[PDB]
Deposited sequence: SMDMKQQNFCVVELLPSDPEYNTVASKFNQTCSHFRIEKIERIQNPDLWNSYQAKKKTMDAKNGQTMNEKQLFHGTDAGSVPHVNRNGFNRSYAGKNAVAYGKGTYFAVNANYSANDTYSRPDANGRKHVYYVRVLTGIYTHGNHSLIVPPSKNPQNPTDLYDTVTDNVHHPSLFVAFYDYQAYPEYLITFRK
């Protein structure tokens, strides 16, 4: 469960890609730093699920880059386990938002004692998805089951994942009001 945290410089293209995406809905916030999380075992397991999904859902673009706001205390945990079973209404899973505004909410990305906020820019294997419900602990059956559940199938603003390795916390955005 080892990992490396690499901080990106603004001068950086990778920084500008993650930043501009964040700034579509959260430009009013001040970005302090953006870090790339490198956890090799979690990345390999995520790519093993991606290779399985790609050779199953045909023409479907299984991967989406979504946002996840969390308290500063959960950061070490996500860095090593991902969006684990001991970490996790439309279901009893882990929620990922299309736009950063949902994740930039103080109830999710709880400002710490220094008033810093935490949002992950996650690689999520959304695959084939349907509408969700409150009683879901796992995704519902098709007639096998779907990969994720969403609030609105044709105009989604969030996705809920249920199994591990379905999401990779690629970047971590540390910002303040």
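*Asks:* What are the C-alpha gaps when you align the coordinates back onto the deposited sequence?
*Replies:* Unobserved in coordinates, per deposited numbering: 1 to 6, 95 to 99, 155 to 159.
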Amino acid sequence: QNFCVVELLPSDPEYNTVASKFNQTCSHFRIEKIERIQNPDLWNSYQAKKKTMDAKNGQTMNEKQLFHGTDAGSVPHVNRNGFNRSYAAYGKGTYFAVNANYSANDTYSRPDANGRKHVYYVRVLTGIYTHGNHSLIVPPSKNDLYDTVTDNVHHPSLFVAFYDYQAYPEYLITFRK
From here on, numbers count along this sequence of modelled residues.
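*Asks:* Could you check which stretch, 89 to 97 or 68 to 76, carries the larger mean CA temperature factor in the entry?
*Replies:* Per the deposited B-factors, the answer is 89 to 97.
*Asks:* What stretch has the higher average Cα B-factor here, 27 to 35 or 48 to 56?
*Replies:* Per the PDB entry, the higher value belongs to 48 to 56.
*Asks:* I'd like to know which of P40, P111, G127, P140 has the highest C-alpha temperature factor in the PDB entry.
*Replies:* Among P40, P111, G127, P140, the PDB entry lists the largest C-alpha B-factor for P140.
*Asks:* Among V119, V149, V122, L136, single out the one with the highest C-alpha B factor in the record, please.
*Replies:* Largest recorded C-alpha B-factor: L136.
*Asks:* Which third, lowest, middle or highest, does the CA B-factor of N84 fall in along this chain?
*Replies:* Its C-alpha B-factor, which the entry lists for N84, ranks in the highest third among residues of this chain.
*Asks:* Looking at the C-alpha B-factor of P169, is it in the lowest, middle or highest third of its chain?
*Replies:* Lowest third.
*Asks:* What third of the chain does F159 rank in for C-alpha temperature factor, lowest, middle or highest?
*Replies:* Its C-alpha B-factor belongs to the lowest third of this chain's values.
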